[PDB]
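Engineer: FYI, the numbering for the sequence shown is 1306 to 1545, going by the numbering used here. Heads up, the beta-carbon is just placed ideally off N, CA and C, and yes, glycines get one too.
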Amino acid sequence: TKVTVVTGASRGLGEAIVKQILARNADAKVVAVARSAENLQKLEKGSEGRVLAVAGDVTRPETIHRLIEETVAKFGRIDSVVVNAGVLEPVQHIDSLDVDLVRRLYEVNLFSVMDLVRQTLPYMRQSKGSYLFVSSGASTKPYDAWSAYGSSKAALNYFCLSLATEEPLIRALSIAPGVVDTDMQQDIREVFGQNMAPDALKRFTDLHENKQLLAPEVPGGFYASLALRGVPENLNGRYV
Ligand SMILES: NC(=O)c1ccc[n+]([C@@H]2O[C@H](COP(=O)([O-])OP(=O)(O)OC[C@H]3O[C@@H](n4cnc5c(N)ncnc54)[C@H](OP(=O)(O)O)[C@@H]3O)[C@@H](O)[C@H]2O)c1
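1. So, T1425 versus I1480, is the Cβ gap smaller than 9 Å?
2. Starting from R1476, trace the beta strand (DSSP E) in both directions and tell me its first and last residue.
3. Around the Cβ of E1320, are there at least 16 other Cβ atoms within 10 angstroms (buried) or fewer (exposed)?
4. For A1337, name the three-state secondary structure that DSSP assigns.
5. Please determine, among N1541, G1535, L1540, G1525, the residue with the shortest C-alpha to C-alpha distance to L1327.
6. Three-state secondary structure (DSSP) at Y1544?
7. Is there a Cβ of chain C sitting closer than 9 Å to that of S1341, yes or no?
8. In three-state DSSP terms, what is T1364?
9. Quick one: Cα of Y1436 to Cα of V1396, how far?
10. At the level of alpha carbons, what is the spacing between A1314 and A1339?
11. Taking 8 Å as the cut-off, is the beta-carbon of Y1448 closer than that to any non-hydrogen atom of ligand 1?
12. Cutting at 7 Å between CB atoms, please list the residues of its own chain near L1406, excluding the five before and the five after it.
13. Tell me the rounded alpha-carbon separation between residue 1593 and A1443.
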């Protein structure tokens, strides 16, 4: 039985990754982490004993300590960690950018990831496990008003390369999922887009209106397969 931790499992891509893991292997176990306790408890209930819900904010080290304690007690091992929790706000031009909101975005998208990797590494070394990071095309392309988010995914890509280089017993891969039909894209269209140049926002509303947003299960099946089968050595540390 392989045990995967998925952060951000209460909705969107991360929820789809959990479901795809359970669909693709009958023995696999998943530890689902996010703040929304009611959603996670429903995931646990629907998954026939194969999901352990751990509710909490990943930016608190108490969450991460409890996550590892409970995973080890219930399943005894960690084989894969899917780093999917993330936030997009603040979507603001640099001339208007609220640095306190930037600090919060980095807590979620990067500093909590450093803490999660540090605390899981002893178990992941034993299992030769794979760390999977959810990145974005914004990590290399400068979307208007997204300097905070895009810079944090650039930092995340580098952190994945650094991890693979320092820890040869594990594998690490940073994967952008394309554009995915989730609340984060809905937020772009209906909330954040008023801070974006009209032409820049029109790219995302066009994708929506043309029915080109991916169902989360589609990129989610690729993370699930990587979580179950491992990262291929020729892509270790890379961004794809
Ligand atoms: N087109 C796209 O949608 C797209 C494109 C490229 C990359 N991504 C990346 O895909 C990942 C998933 O985002 P999504 O599109 O699935 O949006 P989403 O549906 O809003 O899911 C975001 C997830 O992160 C969790 N989360 C946020 N802050 C958290 C925290 N402090 N502690 C724990 N969990 C937290 C949320 O759960 P709670 O609110 O329950 O905590 C939710 O489960 C993000 O890293 C995003 O950057 C998305």
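Structural biologist: Let me spell this out:
1. Taking the first residue of the sequence shown as position 1, residue 1425 is located at position 120. Taking the first residue of the sequence shown as position 1, residue 1480 is located at position 175. Their beta carbons are not under 9 Å apart, which means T1425 does not touch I1480 by this criterion.
2. Position 171 of the sequence shown holds residue 1476. From DSSP, the beta strand (DSSP E) with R1476 extends over 1476-1480.
3. By one-based count along the sequence shown, residue 1320 stands at place 15. Looking at its Cβ environment, which holds 16 or more other Cβ atoms inside 10 Å, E1320 is buried.
4. As a working mapping, residue 1337 is identified with position 32 in the sequence shown. In the three-state reduction of the DSSP assignment, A1337 falls in the strand class, which pools E and B.
5. Stepping through the sequence shown from its first residue, residue 1327 is reached at position 22. When only C-alpha atoms are compared, the closest one is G1525.
6. Here residue 1544 is taken as the residue at index 239 of the sequence shown, counted from 1. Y1544: strand per DSSP, three-state reduction.
7. Of the chains in the structure shown, none is chain C; there is only one protein chain.
8. Taking the sequence shown and counting its residues from 1, the one referred to as residue 1364 is at position 59. Of the three classes helix, strand and coil, the one that applies to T1364 here is coil, per DSSP.
9. Walking along the sequence shown from the start, residue 1436 turns up at place 131. Walking along the sequence shown from the start, residue 1396 turns up at place 91. Rounded to the nearest angstrom, the two C-alpha atoms are 28 Å apart.
10. Translated into positions along the sequence shown, residue 1314 becomes position 9. Translated into positions along the sequence shown, residue 1339 becomes position 34. A direct Cα-to-Cα measurement between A1314 and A1339 gives close to 6 Å.
11. Residue mapping note: residue 1448 aligns to position 143 of the sequence shown, counting from 1. Taking the Cβ of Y1448 as the reference point, every heavy atom of ligand 1 lies at 8 Å or farther away.
12. In the sequence shown, residue 1406 corresponds to position 101, counting from 1. Closer than 7 Å at Cβ, skipping near neighbours: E1394, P1395.
13. Residue 1593 lies beyond the stretch modelled for the chain, which goes from 1306 to 1545, so this question has no answer here.
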